[PDB]
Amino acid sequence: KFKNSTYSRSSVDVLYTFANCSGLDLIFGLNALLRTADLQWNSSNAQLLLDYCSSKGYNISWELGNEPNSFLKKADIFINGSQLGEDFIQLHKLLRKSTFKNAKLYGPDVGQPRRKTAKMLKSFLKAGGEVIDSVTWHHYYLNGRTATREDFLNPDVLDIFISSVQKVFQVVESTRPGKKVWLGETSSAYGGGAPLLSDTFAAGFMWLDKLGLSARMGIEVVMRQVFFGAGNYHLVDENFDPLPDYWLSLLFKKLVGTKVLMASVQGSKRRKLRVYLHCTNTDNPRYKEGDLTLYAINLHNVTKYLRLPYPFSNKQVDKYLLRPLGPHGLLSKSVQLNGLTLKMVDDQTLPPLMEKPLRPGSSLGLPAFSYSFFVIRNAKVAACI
């Protein structure tokens, strides 16, 4: 099912300039299935690419291989983790000899940690862990071909992510304690996404929950499959129009800061009402050092009302509640923020993201099957300064 193909200097340039003009940092995956008769990685093609990139002055980070746990299925070649580790050592020597001697290297981009993948990750980290800057792995909740609407709204499905994360950290802490762990590719459903689900408002429960859990559990970076592309799980569709998960992502970016805190529900029901807490993003011009950003998911079929604890009970709160634009409800590809449809102003201009100030002391309203951010103003939290 997978044929070799080639790409050109032109393609490399298209990719880099897209990242550069967008303010994004490019990580480029190298081909790990180029093998010598000894079954060592043949670095010759990567050398060509590195020299080319060096000659254009491109600041680029590197990966090598994608889902090496699946190579036997994809290519009928088995590469064990030890060997892969040695291949990373060889790539690292090439980088150290290049014009960008401090370029970063990430890997091994394994799938989620089933017994055999866990063993490959372990032997990889034993062999090659010293030269990677972060450990990368991938996660999808469901097969896109069989995923249902009910699965997208099911906390028992959302909860399976917790156990994968715990297994990855168990492997890393047994081999390279303290090494950063990244989700290097993740989404709702594999096989390109679930038709009519992965590109809708309903996709956001999984996306926001994954963000919340990832931050809470110590994952440092989460990479969303895909910004743009043929799969249903795209943030931006083939007409270059943003889907609900784009607008959710933009809000998260504007509001949620780097310092992770914790929230929980006193009741302890704890599955369909899901709550996360960070310091507010300090780059947001509206807010000040010490403010908190709460985000919440309500998977109940009724409105829930949240009460803030002392000393935050009477603070001014800004609400950012996302709801689908009808008639397709959770299956909608359009979203409203506090009752206003999110839409580009023109091709060069994102809309403003307008808050709804709540009455101080009011409880935080969260409708059925919705998600919201709440910024607690003048929270004066010392940990967030």
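Take the two forms, find the largest set of C-alpha atoms that superpose within 1.5 Å, and that set is the rigid core. The first residue of the sequence shown is number 1, and the count goes up from there.
- The higher RMS C-alpha distance to the shown form in 6 other deposited structures of this protein, out of 248-256 and 108-116, belongs to 108-116, with every structure fitted on the core.
- Between stretches 134-142 and 270-278, the one whose Cα atoms sit farther from the displayed model in 6 other deposited structures of this protein on average is 270-278 (core-aligned, root mean square).
- Look at the mean CA B-factor for 52-60 and for 22-30 in the entry; the higher one is 52-60.
- Stretch comparison (216-224 versus 106-114) by mean CA B-factor in the PDB entry places 106-114 on top.
- The residue among 73, 180, 234, 139 whose C-alpha atom has the highest B-factor in the PDB entry is 73.
- As recorded in the PDB entry, 98 shows the highest C-alpha B-factor of the residues 98, 163, 198, 134.
- Sort the chain's modelled residues by C-alpha temperature factor and residue 176 lands in the middle third, per the entry.
- Split the chain's modelled residues into thirds by C-alpha temperature factor. Residue 249 is in the lowest one.
- Among the modelled residues of its chain, residue 204 has a C-alpha B-factor that falls in the lowest third, as given in the PDB entry.
- Among the modelled residues of its chain, residue 312 has a C-alpha B-factor that falls in the middle third according to the deposited record.
- Residue 334: CA B factor in the lowest third of modelled residues in this chain (values from the PDB entry).
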